[PDB]
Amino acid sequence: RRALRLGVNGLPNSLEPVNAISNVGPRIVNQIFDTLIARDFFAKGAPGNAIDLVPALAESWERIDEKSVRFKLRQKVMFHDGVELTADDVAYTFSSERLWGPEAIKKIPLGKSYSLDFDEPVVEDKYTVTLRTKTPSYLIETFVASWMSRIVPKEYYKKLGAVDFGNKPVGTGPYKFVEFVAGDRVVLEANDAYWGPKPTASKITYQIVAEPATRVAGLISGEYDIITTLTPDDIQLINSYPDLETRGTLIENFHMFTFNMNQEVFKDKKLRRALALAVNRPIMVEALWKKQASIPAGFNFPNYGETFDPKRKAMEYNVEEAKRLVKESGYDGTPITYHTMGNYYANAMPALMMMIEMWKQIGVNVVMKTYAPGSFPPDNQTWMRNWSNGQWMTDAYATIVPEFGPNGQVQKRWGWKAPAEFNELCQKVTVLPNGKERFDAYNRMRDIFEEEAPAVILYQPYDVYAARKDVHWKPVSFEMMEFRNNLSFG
């Protein structure tokens, strides 16, 4: 087998699966770990965008009542250290101690906020465990298939502790941990005792190449088999080589800019709404994305299924209203900082460059401030910043509720004084089953989101990869790389 050399944009701070939730963590953690239910993106010859939920660590699952699901686990499955996977390891993954409890915030900061209203799991036998919520939740199944639900070994994780585990992970996945050099590389090796589709690569290296041109030159040489985080501008050049090609897909994620609403200037919606109304998304998509990126009609995505609004109007673009709002706002003329981690997000810097000019034309002075991975300044020193949100559920709950809800970081850490009506609808959608009431409640939250502007949605990025033609791999419609029955050489 061949060793896989990967030229990546970045690496996560940890390899503990919940703490690795980012654009850069899931590509690694998906190799180390497994979920109970898995998504089969290639089901019915789909080009990596199928929504089909297949059995993984659980051979079968059965919803008992409105607040519980029983999972019958795959027998004799082994963790990388040779320890057999049991219902005990699954109960711990979804336990109050490790995940959703008050104590777990020290270990996993976004655990409770990103979690459902869980109750302690019920272990029936070695291969039988019931996952449950304290209040009715039909979201259990979708949470279980997600990046929040990768199965950790109870004893190994408990002995090490959350932090040390993220530096030396052990899972049941197709690839086992070898090395983690912070701000440099992650090296994984083939797990030949893997249940399910066998590793086709002997080793996988995730090499940090912060500059995309150095990444493209690295492939053309070539130091790499597959390179990540490119722009549609790179397409014509990579495809000019008969041994190389691009592989792109629209991903179930959105690029955005957000605010620190703790800062006096961003306390009122007026300036945030003014900055939102001046963002010309159609020209940004032409200039930087060659028409490949998608502009959603608010916090509305097709992956939401029954909770997606296909008849929803586009987000408002109004230059004269933006001018009028900057005028009535407290804004003096003082330049506002916008923190960016270089090109961690594809088109991060060219996008901001365009927007600074769009905003200068309405009356706001915006300045770029770059930062290095792990050198993000205290919340106190930031005003505007870029971000992204992965739509990790087959429902509208994610990410509006975990990120922007009353228990999320946008309100609790970033000072968003959300209307009481917004938080009331957040609680309704969590418990309510699908219907007219829940659909309308999501649309009302979407209307409040655009009026309050706690964040400003830019677009759904077109995720561009580039690979050697002798490396057969297909991208998926998510911020991750799938190698299971999707990696071959020759």
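The term rigid core refers to the most C-alpha atoms you can superpose between the two forms while keeping them within 1.5 Å. A residue's number is simply how far along the shown sequence it sits, counting from 1.
Rigid core superposition result in 8 other deposited structures of this protein, more deviant of 69-77, 270-278 by Cα: After the core superposition, the stretch with higher RMS deviation in 8 other deposited structures of this protein is 270-278.
RMS CA shift, core-fitted in 8 other deposited structures of this protein, bigger for 258-266 or for 215-223: Taking the RMS over all superposed structures in 8 other deposited structures of this protein, 258-266 lies farther out.
390-398 versus 99-107 - which carries the larger mean C-alpha B factor in the record: Higher of the two, by average CA B-factor, is 99-107.
Segment of higher mean CA temperature factor, 367-375 or 163-171: 367-375 has the higher mean C-alpha B-factor.
Selection by C-alpha B-factor (highest) of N280, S329, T93, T229: Out of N280, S329, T93, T229, the record gives the largest C-alpha B-factor to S329.
Maximum C-alpha temperature factor, selected from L244, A145, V187, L250: Result of the comparison over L244, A145, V187, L250: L244.
Third of the chain, ranked by Cα B-factor, where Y224 sits: According to the entry, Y224 has a C-alpha B-factor in the chain's middle third.
Third of the chain's Cα B-factor distribution that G218 belongs to, per the entry: It falls in the top third of the chain.
Third assignment of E482 from its chain's C-alpha B-factors: Lowest third - that is where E482 ends up once the chain's C-alpha B-factors are sorted.
Among modelled residues of the same chain, the CA temperature factor third for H472: Ranked within chain, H472 CA B lands in the middle tercile.
Chain third (lowest, middle, highest) by recorded CA B-factor, residue given as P55: CA B-factor rank for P55: highest third.
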